[PDB]
């Protein structure tokens, strides 16, 4: 169906949901002890704390001041990576969409990524596995779902567009501007309430 209540815009101005920002999404929570979020909702993989791959990447992440090209929960708090990627999506000339799809990766970034899916249970990286993040730089969606932070959905939506092969460079730039306009008031209102 389609009414004049929709084409005029009044149906969207009255949008309300039963969820509360800052409250856990139904079924979402922290991973079991000694494990980190991975895969589908509620799933997890063993952590790689003390492993050479995780610790080498943790030091590089803490020393760069930039968002990590390959992120894992062993590297730090997901809120830091979410905020760095979110800010990156709003800085002009940053090439955020190109960086989300094809970031420059040192061998340590490759070794970290290979260790995470291997310790989960995978023999090789495969396009069919549900990981909870379409781009390796974006933290697992379960951390946004557990914290009830809908503004962290922007990182995943922008990365899903960036990772798609069906849009060219100029088309992705328009979609990034669309997402900037949509999420800017949400992020401003959400970051104020939870600070």
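Positions refer to the first chain, counted from 1.
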Given 4-12 and 184-192, the range whose Cα B-factors average higher in the PDB entry: 4-12
Going by the B-factors listed in the PDB entry, is the mean over the C-alpha atoms higher for 158-166 or for 59-67? 59-67
Of the options 32, 153, 132, 50, which has the highest CA B factor as deposited? 50
Just grab whichever of 122, 106, 115, 78 has the top CA B-factor as deposited. 106
Going by what the PDB entry lists, where does residue 99 fall on CA B-factor within its chain: lowest, middle or highest third? middle
